[PDB]
Structures are given as C-alpha cells and as structure tokens.
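Peer 1: Got work.pdb for you, PDB, C-alpha atoms and all ligand atoms:
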ATOM      1  CA  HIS J   1      70.184  56.422  61.738
ATOM      2  CA  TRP J   2      71.184  54.650  64.725
ATOM      3  CA  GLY J   3      70.753  51.203  65.930
ATOM      4  CA  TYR J   4      72.676  48.279  67.358
ATOM      5  CA  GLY J   5      74.812  47.158  64.425
ATOM      6  CA  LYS J   6      78.462  47.279  63.472
ATOM      7  CA  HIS J   7      77.931  50.405  61.564
ATOM      8  CA  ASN J   8      75.383  52.343  63.578
ATOM      9  CA  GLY J   9      75.718  50.906  67.141
ATOM     10  CA  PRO J  10      76.649  52.350  70.487
ATOM     11  CA  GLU J  11      80.203  53.019  69.531
ATOM     12  CA  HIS J  12      78.955  55.551  66.851
ATOM     13  CA  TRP J  13      76.311  57.361  68.815
ATOM     14  CA  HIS J  14      78.618  60.045  70.116
ATOM     15  CA  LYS J  15      78.937  61.610  66.612
ATOM     16  CA  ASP J  16      75.282  62.623  66.625
ATOM     17  CA  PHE J  17      74.804  62.887  70.431
ATOM     18  CA  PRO J  18      78.036  64.139  72.024
ATOM     19  CA  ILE J  19      76.370  63.671  75.442
ATOM     20  CA  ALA J  20      77.299  59.983  74.832
ATOM     21  CA  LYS J  21      80.666  60.814  76.342
ATOM     22  CA  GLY J  22      79.149  62.829  79.195
ATOM     23  CA  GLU J  23      79.465  62.649  82.954
ATOM     24  CA  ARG J  24      76.400  60.705  83.905
ATOM     25  CA  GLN J  25      75.789  58.075  81.171
ATOM     26  CA  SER J  26      74.040  54.769  81.627
ATOM     27  CA  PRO J  27      74.171  51.891  82.024
ATOM     28  CA  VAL J  28      76.986  51.142  84.413
ATOM     29  CA  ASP J  29      78.490  48.164  86.169
ATOM     30  CA  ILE J  30      77.218  47.858  89.710
ATOM     31  CA  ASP J  31      80.203  46.929  91.925
ATOM     32  CA  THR J  32      78.374  45.451  94.871
ATOM     33  CA  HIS J  33      81.400  45.741  97.107
ATOM     34  CA  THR J  34      81.832  49.481  96.550
ATOM     35  CA  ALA J  35      78.076  50.506  96.660
ATOM     36  CA  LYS J  36      77.442  52.205  99.972
ATOM     37  CA  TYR J  37      74.403  51.363 102.169
ATOM     38  CA  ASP J  38      72.497  54.603 102.779
ATOM     39  CA  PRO J  39      70.192  54.609 105.813
ATOM     40  CA  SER J  40      68.864  58.054 104.603
ATOM     41  CA  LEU J  41      67.091  56.036 101.870
ATOM     42  CA  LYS J  42      63.231  55.938 102.248
ATOM     43  CA  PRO J  43      61.532  52.636 101.400
ATOM     44  CA  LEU J  44      60.384  52.543  97.664
ATOM     45  CA  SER J  45      56.664  52.980  97.141
ATOM     46  CA  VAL J  46      55.295  51.341  93.993
ATOM     47  CA  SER J  47      51.565  52.134  93.589
ATOM     48  CA  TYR J  48      50.262  50.307  90.580
ATOM     49  CA  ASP J  49      46.715  49.414  91.637
ATOM     50  CA  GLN J  50      45.036  51.769  89.161
ATOM     51  CA  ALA J  51      47.416  51.273  86.235
ATOM     52  CA  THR J  52      45.759  51.559  82.899
ATOM     53  CA  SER J  53      47.736  49.921  80.071
ATOM     54  CA  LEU J  54      46.700  51.028  76.524
ATOM     55  CA  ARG J  55      48.820  49.670  73.744
ATOM     56  CA  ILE J  56      51.925  47.730  72.812
ATOM     57  CA  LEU J  57      54.206  49.218  70.089
ATOM     58  CA  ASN J  58      57.298  47.867  68.193
ATOM     59  CA  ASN J  59      59.306  51.138  67.870
ATOM     60  CA  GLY J  60      62.129  49.529  65.875
ATOM     61  CA  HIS J  61      64.529  49.139  68.750
ATOM     62  CA  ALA J  62      62.283  47.481  71.430
ATOM     63  CA  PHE J  63      58.639  47.098  72.218
ATOM     64  CA  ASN J  64      56.940  49.455  74.577
ATOM     65  CA  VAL J  65      53.856  48.782  76.736
ATOM     66  CA  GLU J  66      52.196  52.204  77.121
ATOM     67  CA  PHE J  67      50.069  53.485  79.965
ATOM     68  CA  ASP J  68      47.600  56.269  80.499
ATOM     69  CA  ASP J  69      49.669  58.862  82.292
ATOM     70  CA  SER J  70      47.076  61.686  82.200
ATOM     71  CA  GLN J  71      46.286  61.100  85.962
ATOM     72  CA  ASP J  72      48.100  59.633  89.137
ATOM     73  CA  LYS J  73      47.118  56.083  88.358
ATOM     74  CA  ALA J  74      50.400  54.262  88.613
ATOM     75  CA  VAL J  75      53.117  56.056  90.573
ATOM     76  CA  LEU J  76      56.564  55.618  92.053
ATOM     77  CA  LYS J  77      57.601  57.522  95.142
ATOM     78  CA  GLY J  78      59.982  57.212  98.003
ATOM     79  CA  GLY J  79      63.393  55.682  97.940
ATOM     80  CA  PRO J  80      65.771  58.235  96.549
ATOM     81  CA  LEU J  81      62.995  60.263  94.941
ATOM     82  CA  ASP J  82      61.528  63.597  95.933
ATOM     83  CA  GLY J  83      58.039  63.905  94.702
ATOM     84  CA  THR J  84      55.802  61.693  92.548
ATOM     85  CA  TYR J  85      56.714  59.929  89.322
ATOM     86  CA  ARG J  86      54.037  58.651  86.910
ATOM     87  CA  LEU J  87      54.383  55.410  84.924
ATOM     88  CA  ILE J  88      54.402  56.033  81.145
ATOM     89  CA  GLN J  89      55.745  52.821  79.658
ATOM     90  CA  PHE J  90      57.794  49.733  80.133
ATOM     91  CA  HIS J  91      60.183  47.969  77.770
ATOM     92  CA  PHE J  92      62.910  45.385  77.815
ATOM     93  CA  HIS J  93      66.451  44.974  76.599
ATOM     94  CA  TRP J  94      67.634  41.487  75.675
ATOM     95  CA  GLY J  95      70.309  39.396  74.019
ATOM     96  CA  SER J  96      70.842  36.954  71.216
ATOM     97  CA  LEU J  97      71.967  34.423  73.828
ATOM     98  CA  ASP J  98      71.020  33.867  77.417
ATOM     99  CA  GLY J  99      74.412  34.999  78.591
ATOM    100  CA  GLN J 100      73.993  38.654  77.594
ATOM    101  CA  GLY J 101      71.183  41.148  77.244
ATOM    102  CA  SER J 102      70.983  43.261  80.327
ATOM    103  CA  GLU J 103      72.284  46.844  80.225
ATOM    104  CA  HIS J 104      73.329  47.062  83.845
ATOM    105  CA  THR J 105      75.724  44.474  85.089
ATOM    106  CA  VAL J 106      76.324  43.327  88.710
ATOM    107  CA  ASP J 107      79.950  42.592  89.471
ATOM    108  CA  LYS J 108      80.379  42.258  85.684
ATOM    109  CA  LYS J 109      77.601  39.607  85.484
ATOM    110  CA  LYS J 110      75.196  40.129  82.487
ATOM    111  CA  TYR J 111      71.645  38.871  82.795
ATOM    112  CA  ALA J 112      69.508  37.581  79.891
ATOM    113  CA  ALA J 113      67.383  40.692  79.771
ATOM    114  CA  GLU J 114      66.400  43.775  81.757
ATOM    115  CA  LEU J 115      62.971  45.313  82.241
ATOM    116  CA  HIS J 116      62.677  49.118  82.475
ATOM    117  CA  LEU J 117      59.565  50.737  84.014
ATOM    118  CA  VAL J 118      59.820  54.402  82.980
ATOM    119  CA  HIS J 119      58.269  57.129  85.112
ATOM    120  CA  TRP J 120      58.272  60.922  84.805
ATOM    121  CA  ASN J 121      58.308  63.590  87.545
ATOM    122  CA  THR J 122      54.827  65.110  87.804
ATOM    123  CA  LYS J 123      56.245  68.476  88.767
ATOM    124  CA  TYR J 124      57.179  68.981  85.077
ATOM    125  CA  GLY J 125      53.717  68.373  83.651
ATOM    126  CA  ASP J 126      54.515  66.018  80.827
ATOM    127  CA  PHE J 127      57.107  63.587  79.687
ATOM    128  CA  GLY J 128      58.585  65.851  77.039
ATOM    129  CA  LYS J 129      59.326  68.528  79.534
ATOM    130  CA  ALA J 130      60.569  66.071  82.170
ATOM    131  CA  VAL J 131      63.301  64.632  79.926
ATOM    132  CA  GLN J 132      64.824  68.075  79.793
ATOM    133  CA  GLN J 133      65.426  68.100  83.525
ATOM    134  CA  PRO J 134      68.136  66.388  85.600
ATOM    135  CA  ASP J 135      65.500  64.843  87.827
ATOM    136  CA  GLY J 136      62.882  64.314  85.227
ATOM    137  CA  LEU J 137      62.707  60.512  85.058
ATOM    138  CA  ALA J 138      62.879  57.578  87.393
ATOM    139  CA  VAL J 139      63.509  54.165  85.813
ATOM    140  CA  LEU J 140      62.944  51.023  87.816
ATOM    141  CA  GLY J 141      65.226  48.319  86.394
ATOM    142  CA  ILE J 142      64.593  44.572  86.948
ATOM    143  CA  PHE J 143      66.926  41.822  85.760
ATOM    144  CA  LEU J 144      65.603  38.743  84.025
ATOM    145  CA  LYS J 145      67.246  35.320  84.350
ATOM    146  CA  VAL J 146      66.218  32.236  82.450
ATOM    147  CA  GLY J 147      64.634  29.508  84.541
ATOM    148  CA  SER J 148      60.996  29.066  85.473
ATOM    149  CA  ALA J 149      58.316  30.880  83.536
ATOM    150  CA  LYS J 150      56.938  34.200  84.766
ATOM    151  CA  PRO J 151      53.157  33.828  84.546
ATOM    152  CA  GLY J 152      52.605  37.577  84.549
ATOM    153  CA  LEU J 153      54.745  37.992  81.450
ATOM    154  CA  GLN J 154      52.828  35.569  79.329
ATOM    155  CA  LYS J 155      50.185  38.093  78.169
ATOM    156  CA  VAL J 156      53.038  40.194  76.743
ATOM    157  CA  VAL J 157      54.753  37.249  75.067
ATOM    158  CA  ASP J 158      51.570  36.062  73.288
ATOM    159  CA  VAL J 159      50.865  39.482  71.639
ATOM    160  CA  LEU J 160      54.363  39.752  70.192
ATOM    161  CA  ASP J 161      53.458  37.956  66.987
ATOM    162  CA  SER J 162      50.987  40.876  66.227
ATOM    163  CA  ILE J 163      53.767  43.497  66.461
ATOM    164  CA  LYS J 164      56.550  41.718  64.698
ATOM    165  CA  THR J 165      57.839  44.677  62.680
ATOM    166  CA  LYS J 166      58.735  48.309  63.242
ATOM    167  CA  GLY J 167      55.735  50.585  63.623
ATOM    168  CA  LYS J 168      53.164  47.928  64.374
ATOM    169  CA  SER J 169      50.989  48.438  67.468
ATOM    170  CA  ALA J 170      48.205  46.505  69.119
ATOM    171  CA  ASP J 171      45.628  47.260  71.788
ATOM    172  CA  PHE J 172      46.940  46.099  75.173
ATOM    173  CA  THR J 173      44.455  46.859  77.855
ATOM    174  CA  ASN J 174      44.072  45.575  81.388
ATOM    175  CA  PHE J 175      47.688  44.531  81.869
ATOM    176  CA  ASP J 176      48.849  44.603  85.460
ATOM    177  CA  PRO J 177      52.582  45.428  85.755
ATOM    178  CA  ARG J 178      52.640  44.181  89.379
ATOM    179  CA  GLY J 179      53.027  40.760  87.995
ATOM    180  CA  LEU J 180      56.543  41.619  86.695
ATOM    181  CA  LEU J 181      57.992  42.632  90.132
ATOM    182  CA  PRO J 182      60.209  40.358  92.266
ATOM    183  CA  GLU J 183      59.396  39.686  95.967
ATOM    184  CA  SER J 184      61.981  42.143  97.337
ATOM    185  CA  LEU J 185      62.268  45.872  96.512
ATOM    186  CA  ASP J 186      65.872  46.090  97.726
ATOM    187  CA  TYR J 187      67.738  48.289  95.263
ATOM    188  CA  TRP J 188      70.746  50.213  94.108
ATOM    189  CA  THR J 189      70.403  53.791  92.907
ATOM    190  CA  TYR J 190      72.551  56.250  90.942
ATOM    191  CA  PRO J 191      72.105  59.293  88.641
ATOM    192  CA  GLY J 192      72.296  58.511  84.937
ATOM    193  CA  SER J 193      70.826  58.760  81.459
ATOM    194  CA  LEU J 194      68.639  57.261  78.839
ATOM    195  CA  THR J 195      70.478  54.396  77.155
ATOM    196  CA  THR J 196      69.359  55.177  73.633
ATOM    197  CA  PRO J 197      69.686  58.388  71.678
ATOM    198  CA  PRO J 198      69.186  61.162  72.599
ATOM    199  CA  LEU J 199      71.009  59.887  75.715
ATOM    200  CA  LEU J 200      69.660  62.589  77.944
ATOM    201  CA  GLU J 201      71.008  62.834  81.489
ATOM    202  CA  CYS J 202      67.612  62.996  83.140
ATOM    203  CA  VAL J 203      67.294  59.615  84.978
ATOM    204  CA  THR J 204      67.372  58.516  88.522
ATOM    205  CA  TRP J 205      68.046  54.855  88.184
ATOM    206  CA  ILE J 206      66.599  52.381  90.671
ATOM    207  CA  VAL J 207      67.916  48.836  89.947
ATOM    208  CA  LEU J 208      66.399  46.013  91.949
ATOM    209  CA  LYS J 209      68.764  43.412  93.446
ATOM    210  CA  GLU J 210      66.457  40.421  93.019
ATOM    211  CA  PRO J 211      65.962  39.212  89.430
ATOM    212  CA  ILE J 212      62.754  37.705  88.071
ATOM    213  CA  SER J 213      62.875  34.369  86.326
ATOM    214  CA  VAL J 214      61.445  33.857  82.811
ATOM    215  CA  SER J 215      61.426  30.688  80.750
ATOM    216  CA  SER J 216      63.637  29.903  77.809
ATOM    217  CA  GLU J 217      60.460  29.824  75.693
ATOM    218  CA  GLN J 218      59.394  33.296  76.856
ATOM    219  CA  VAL J 219      62.823  34.870  75.942
ATOM    220  CA  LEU J 220      62.815  33.083  72.624
ATOM    221  CA  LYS J 221      59.705  34.888  71.658
ATOM    222  CA  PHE J 222      61.357  38.243  72.276
ATOM    223  CA  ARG J 223      64.136  37.188  69.819
ATOM    224  CA  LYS J 224      61.588  36.689  67.009
ATOM    225  CA  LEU J 225      60.743  40.299  66.839
ATOM    226  CA  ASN J 226      62.178  42.413  64.043
ATOM    227  CA  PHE J 227      64.029  45.709  63.946
ATOM    228  CA  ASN J 228      62.857  46.274  60.405
ATOM    229  CA  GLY J 229      59.576  47.361  58.908
ATOM    230  CA  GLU J 230      57.265  44.994  57.096
ATOM    231  CA  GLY J 231      58.417  44.426  53.504
ATOM    232  CA  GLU J 232      62.068  45.184  54.361
ATOM    233  CA  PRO J 233      64.737  42.575  54.856
ATOM    234  CA  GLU J 234      64.467  40.686  58.134
ATOM    235  CA  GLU J 235      66.770  41.572  60.954
ATOM    236  CA  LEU J 236      66.060  39.953  64.284
ATOM    237  CA  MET J 237      65.548  42.343  67.246
ATOM    238  CA  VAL J 238      68.321  41.030  69.503
ATOM    239  CA  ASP J 239      71.183  42.652  71.454
ATOM    240  CA  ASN J 240      69.367  45.975  71.924
ATOM    241  CA  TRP J 241      71.476  46.853  74.970
ATOM    242  CA  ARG J 242      74.059  49.530  75.419
ATOM    243  CA  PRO J 243      77.199  48.376  77.138
ATOM    244  CA  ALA J 244      78.342  49.653  80.496
ATOM    245  CA  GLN J 245      79.721  53.223  80.555
ATOM    246  CA  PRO J 246      82.262  54.815  82.809
ATOM    247  CA  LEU J 247      81.042  55.600  86.342
ATOM    248  CA  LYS J 248      83.086  58.856  86.467
ATOM    249  CA  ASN J 249      82.497  60.737  89.579
ATOM    250  CA  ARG J 250      79.372  58.918  90.760
ATOM    251  CA  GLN J 251      78.448  56.857  93.713
ATOM    252  CA  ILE J 252      76.019  53.969  93.686
ATOM    253  CA  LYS J 253      73.940  53.714  96.847
ATOM    254  CA  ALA J 254      72.352  50.525  98.241
ATOM    255  CA  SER J 255      69.059  50.439 100.127
ATOM    256  CA  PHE J 256      70.179  47.313 101.994
ATOM    257  CA  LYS J 257      73.137  46.125 104.102
TER     258      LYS J 257
HETATM  259  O1  LIG J 301      66.752  54.205  77.822
HETATM  260  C1  LIG J 301      66.083  53.455  77.047
HETATM  261  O2  LIG J 301      65.851  52.210  77.062
HETATM  262  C2  LIG J 301      65.709  54.317  75.915
HETATM  263  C3  LIG J 301      64.495  55.178  76.109
HETATM  264  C4  LIG J 301      63.565  54.965  77.076
HETATM  265  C5  LIG J 301      62.499  55.803  77.127
HETATM  266  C6  LIG J 301      62.401  56.887  76.351
HETATM  267  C7  LIG J 301      63.285  57.104  75.380
HETATM  268  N1  LIG J 301      63.204  58.230  74.581
HETATM  269  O3  LIG J 301      64.123  58.305  73.819
HETATM  270  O4  LIG J 301      62.274  59.255  74.702
HETATM  271  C8  LIG J 301      64.363  56.243  75.245
HETATM  272 NI    NI J 302      68.699  58.102  62.618
HETATM  273 NI    NI J 303      65.692  50.983  78.695
END
Could you express the structure from this file as structure tokens?
Ligand SMILES: O=C(O)Cc1cccc([N+](=O)[O-])c1
Ligand code: NI
Ligand code: NI

Peer 2:
Amino acid sequence: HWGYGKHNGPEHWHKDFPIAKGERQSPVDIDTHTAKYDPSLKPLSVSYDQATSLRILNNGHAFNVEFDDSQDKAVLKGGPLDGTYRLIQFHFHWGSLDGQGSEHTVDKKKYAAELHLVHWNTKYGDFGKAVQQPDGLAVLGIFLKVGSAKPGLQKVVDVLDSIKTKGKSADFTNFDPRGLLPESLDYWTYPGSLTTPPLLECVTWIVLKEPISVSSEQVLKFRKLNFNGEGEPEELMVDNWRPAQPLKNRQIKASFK
C-alpha cells in the first residue's frame, strides 16, 4: 500500500519493489549540456488519426484516458524505436503548486505537470507481456507549463468532476490526443522504467523539448481530484510524481542540435 505520502511514498517503494534501486530507473534529470545529438536518430512518427478513446478512469494515483488497442489505430514509430508501438492510455503527473509536478526535469527545472502517452510494442502481443520486456513500452512525455489555456485539454478537464474518487470511470469517446502535442517533435531519449510500482525497466522514454501551455484554471481542476474512494476521508490527488533517480551508466540522446 503505496502512494505519495510521508509514510508510503517513493522513498519506501524499494522495500516492496527492490528494482526501485535498479540500473535504469525513471524519471531522471535531463542535463541539456551533456545530452548528445545523435544523427542516427530517425524522425518520430506519431500516427493518431484513427485513435479510438474509450473511457477515463481515476485509478487512485492518477487518471487514465484509455484507448482501443486491439488494432493499429494509434501508433508510434521511428525515432529511437524499432518496430511499432500501440497507444494504450495517457495520464498526467502534477503538483500541489505550479512550481513542481513534472517527473522529468530539464537542467533541474520542474514543470507544473507532465503528460505521458503510453504505448506497447506490438511484437509482444499485449500490454501485459510487453511490460516484461526491456523494449516493451515507449512513453512519449510532454511537459506542461502554466500560461494560456490548451483548448484540446478542455474536454478532459470538464469530465474530471465525474471521476473525482478512486475507482470511478466515465465513458470518454471521440477524444483526439493530437490536440495535446506541441508544434515541434524534437526530443530526448533514454532507457528507463515505469515511475510507479512495479517500477519495471521496460520503457524507452521519449521526452519532448517543447512544453505545452495550460491555464491556471485547467491545472486547478486536476488538483480537485481525490486519491481516496468515495465515502473515505478526502485526500487531494496532488504531487503524484516520483523524483529524479540516478542516471547511472546511461546516456541521454537528443534528436536535435
Ligand atoms: O509510470 C507511470 O506513470 C506509472 C504507470 C504507467 C502505466 C502503467 C503502469 N502500470 O503499472 O501497469 C504504471
Ligand atoms: Ni499496496
Ligand atoms: Ni507516468
């Protein structure tokens, strides 16, 4: 019984999941001066035209927007990836204050939130099998700063009141995740892990350089969600980010000079 508190937070996770102290944990600080430009890198291909959203779920640590991943409808390819990765869900991580909330940091800078588009490698057949592989997932990470509103986020923000507590879901059809992407697909990439238990080291991370802007009112709505179930004492769903972990013997590559 893990979470983000004083008594069950990231600093405790290693007692149940010793992989917490492993060699390829996420997130990490991206030192922009030591990331190396790689001209081997292929351009990223994001193909979201046929994406079929289904449902939005408060899972007690975040909310997830789930997709139909039973065909190649929304796929990531190229960049550092070999093969085809299917979109399964997106979620966010965010803070109690605008000055924290992202998991990755850039030259020690924390953004207000971070969006994770999670994709699994089709060569493994399903998600459950893919997470057991070192190349099973590809997560596209996008930083959020507070400024102007993001119009393409607003459909997500206005359903949040219907999923306030742990275990609530709502139908969430016809959502187009293209509206959450910044103009540029310049990125950094490195091998890492899930950032929640079970902390599996199955992720190729792809972190976009250009943040999206959201409004103060949009972020505020995220902070009204609850970690608890209905009928349990209220605890606001804030600060659901794991802090930066040691880079160890990894290199972060840049797609851009
Ligand atoms: O890294 C995250 O934010 C956590 C995350 C993401 C997607 C799947 C997960 N899972 O535990 O099966 C966990
Ligand atoms: Ni538990
Ligand atoms: Ni995440």

Peer 1: Quick one: pull the distance between atom CA of residue 166 of chain J and atom CA of residue 153 of chain J, Å, one decimal.

Peer 2: 21.3 Å

Peer 1: Might you pull out every residue within 7 Å of residue 208 of chain J, with only C-alpha atoms counted and same-chain residues fewer than 4 positions away left off, and present them as number ranges by chain?

Peer 2: J: 141-142, 185-188

Peer 1: Once the PyMOL selection byres (((chain J and resi 119) around 10) and not hetatm) has been evaluated on this model, what residues remain selected, and can you format them as a list in words?

Peer 2: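 Residues picked by the PyMOL selection byres (((chain J and resi 119) around 10) and not hetatm): residues 69, 74, 75, 76, 84, 85, 86, 87, 88, 89, 90, 116, 117, 118, 120, 121, 122, 127, 130, 136, 137, 138, 139, 140, 203 and 204 of chain J.
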
Peer 1: Do you have the atom CA of residue 112 of chain J-atom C1 of ligand LIG 301 (chain J) distance handy?

Peer 2: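 The value is 16.5 Å.
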
Peer 1: Kindly compile the residues surrounding ligand NI 302 (chain J) within 12 Å, counting all atoms listed in the file, and format them as a list in words.

Peer 2: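 Listed by chain and ascending number, the contacts are residues 1, 2, 3, 4, 8, 9, 12, 13, 15, 16, 17, 60, 61, 196, 197 and 198 of chain J.
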
Peer 1: Using the chain letters and residue numbers of this document, give as a PyMOL selection string the residues selected by the PyMOL selection byres (((chain J and resi 257) around 10) and not hetatm).

Peer 2: chain J and resi 35-39+186+254-256

Peer 1: Keeping C-alpha atoms for every residue in the selection just given, could you write it to a file as a PDB file, in the frame of the given file?

Peer 2:
ATOM      1  CA  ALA J  35      78.076  50.506  96.660  1.00  0.00           C
ATOM      2  CA  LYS J  36      77.442  52.205  99.972  1.00  0.00           C
ATOM      3  CA  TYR J  37      74.403  51.363 102.169  1.00  0.00           C
ATOM      4  CA  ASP J  38      72.497  54.603 102.779  1.00  0.00           C
ATOM      5  CA  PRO J  39      70.192  54.609 105.813  1.00  0.00           C
ATOM      6  CA  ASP J 186      65.872  46.090  97.726  1.00  0.00           C
ATOM      7  CA  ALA J 254      72.352  50.525  98.241  1.00  0.00           C
ATOM      8  CA  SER J 255      69.059  50.439 100.127  1.00  0.00           C
ATOM      9  CA  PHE J 256      70.179  47.313 101.994  1.00  0.00           C
TER      10      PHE J 256
END

Peer 1: Could I get the residues of chain J with an atom no further than 8 Å from an atom of ligand NI 303 (chain J), each paired with its nearest atom pair and that distance in Å to one decimal, using all atoms listed in the file, sorted by chain and residue number, as CSV?

Peer 2:
residue,atom,partner,partner_atom,distance
J:91,CA,J:NI303,NI,6.3
J:92,CA,J:NI303,NI,6.3
J:93,CA,J:NI303,NI,6.4
J:103,CA,J:NI303,NI,7.9
J:114,CA,J:NI303,NI,7.9
J:115,CA,J:NI303,NI,7.2
J:116,CA,J:NI303,NI,5.2
J:194,CA,J:NI303,NI,6.9
J:195,CA,J:NI303,NI,6.1
J:196,CA,J:NI303,NI,7.5

Peer 1: Please enumerate the residues selected by the PyMOL selection byres (((chain J and resi 229) around 8) and not hetatm) when evaluated against the supplied file, formatted as JSON, numbers by chain.

Peer 2: {"J": [60, 165, 166, 167, 226, 227, 228, 230, 231, 232]}

Peer 1: Please indicate the distance in Å from atom CA of residue 253 of chain J to atom CA of residue 109 of chain J, rounded to one decimal place.

Peer 2: 18.5 Å
